[PDB]
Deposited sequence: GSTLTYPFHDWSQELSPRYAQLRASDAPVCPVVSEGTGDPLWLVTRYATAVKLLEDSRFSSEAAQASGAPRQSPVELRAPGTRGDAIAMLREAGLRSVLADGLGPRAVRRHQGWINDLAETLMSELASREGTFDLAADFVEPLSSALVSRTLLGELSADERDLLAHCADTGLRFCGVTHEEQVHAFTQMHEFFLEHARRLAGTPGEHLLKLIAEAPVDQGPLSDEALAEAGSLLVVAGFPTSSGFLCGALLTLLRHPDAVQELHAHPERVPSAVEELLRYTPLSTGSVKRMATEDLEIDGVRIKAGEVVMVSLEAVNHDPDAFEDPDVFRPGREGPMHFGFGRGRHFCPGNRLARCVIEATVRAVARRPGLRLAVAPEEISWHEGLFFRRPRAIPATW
């Protein structure tokens, strides 16, 4: 009877999560709002760990055509394959991905990322009055991350196009079915025309390393660009927006980090636990009849895990709704878990850290409006406020 998602577009999670957690079963049935498909939803940490480490619950099978799904529309450019990451790992690109996303890449980029983040805060601190941390800080920083580390050199107009596509394609509601599908077609056709060129521009960005990988056609490249937009653009920008909100609402913790810069890493990891991002769930499909903490899951059925509900599980985390850097509980779910642990985790932790440090070097940064007055994009997969009015 319960339809999904829960329309908790702001940082205030839906009460339903705590409700499902407190229920009897470790999985609860819900119904997709966008398609009427029946779906299983996991909200408890213990269950989620079991589910995400059991590779018999498949991620790639969860998007074969005909799959039950939480999204109103198939999240691909029509005609195209999908699961670009499986396509890329299957083409023997793991080590390439390691170079473009791993500690080697972090090393290449951590210098400029931190420089950029400090310049943006500097420029903002040398103004009189208030300013918009979303537009004036997050947007250029996440834009530069996507450009410099993932796709290659983007113009302002190309950046705007892909950001619109992500905001239009990656929604539960607010756009027609055909608008949403059209966003993926737009992205696809942009990368069909440009992936080659973006690959060849200067720097050491992932898309170029993929193109120079021995084994990739324009089609394959285009599918890689789309995947990298979807996985790294609206995620990074959403997350940093929410992290800045979390930080500005916790001056005490900010002051602690100002006095103790060695506590910032623990702080980033608490941010990934505390700050919500996605409004939907990671999802997998039972590749056979399976049993989840006693619940029988039939082949073909799809099991969702809300990382938000799991990150806020009190059985796992003491005082789960409090911001506590240096807390010592289990591992957070902000990046998932298991074989599909976000490969973007190093670059995302890089940029997250650069941001937490720029803020902590400048105590007194605060909201210029009440948290309740912040305006949210409604219907997005990845939460993002319209603006973050802030000031010193």
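Trainee: Numbering the deposited sequence from 1, which residue ranges have no coordinates here?
Mentor: Gaps in the modelled chain, taken against the deposited sequence, lie at 1-2, 218-221.
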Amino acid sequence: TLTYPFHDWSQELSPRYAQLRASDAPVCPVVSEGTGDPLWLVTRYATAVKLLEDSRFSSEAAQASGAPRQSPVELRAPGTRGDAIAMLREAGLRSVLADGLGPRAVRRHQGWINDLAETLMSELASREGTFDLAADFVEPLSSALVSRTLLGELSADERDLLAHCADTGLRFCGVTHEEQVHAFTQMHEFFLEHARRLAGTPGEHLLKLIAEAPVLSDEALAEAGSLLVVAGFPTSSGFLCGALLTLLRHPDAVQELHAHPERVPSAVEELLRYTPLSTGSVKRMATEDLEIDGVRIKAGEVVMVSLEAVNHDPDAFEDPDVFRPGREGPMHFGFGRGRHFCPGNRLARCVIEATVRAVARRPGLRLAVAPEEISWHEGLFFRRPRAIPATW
From here on, numbers count along this sequence of modelled residues.
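Trainee: Going by the B-factors listed in the PDB entry, is the mean over the C-alpha atoms higher for 113-121 or for 198-206?
Mentor: Of 198-206 and 113-121, the stretch with the higher C-alpha B-factor average is 198-206.
Trainee: Using only the Cα atoms and their B-factors as the entry lists them, report which of 358-366 and 22-30 averages higher.
Mentor: In the deposited entry, the stretch with the higher C-alpha B-factor mean is 22-30.
Trainee: Taking the Cα B-factors listed in the entry, which of 244, 135, 257, 84 comes out highest?
Mentor: Largest recorded C-alpha B-factor: 84.
Trainee: Return the residue from 269, 313, 153, 139 that has the highest Cα B-factor in the entry.
Mentor: Within the set 269, 313, 153, 139, 153 shows the top C-alpha B-factor.
Trainee: Sort the modelled residues of this chain by their C-alpha B factor and say whether residue 49 lands in the lowest, middle or highest third.
Mentor: Lowest third of the chain for residue 49's C-alpha B-factor.
Trainee: Quick check on the deposited entry: does the C-alpha B-factor of residue 38 sit in the lowest, middle or highest third of its chain?
Mentor: Middle third by C-alpha B-factor.
Trainee: Should residue 227 be placed in the lowest, middle or highest third of its chain by the C-alpha B factor in the entry?
Mentor: Its C-alpha B-factor, which the entry lists for residue 227, ranks in the lowest third among residues of this chain.
Trainee: Is residue 189 in the lowest, middle or highest third of its chain when residues are ranked by C-alpha B-factor?
Mentor: Ranked within chain, residue 189 CA B lands in the middle tercile.
Trainee: Where does the C-alpha B-factor of residue 325 rank in its chain, lowest, middle or highest third?
Mentor: According to the entry, residue 325 has a C-alpha B-factor in the chain's middle third.
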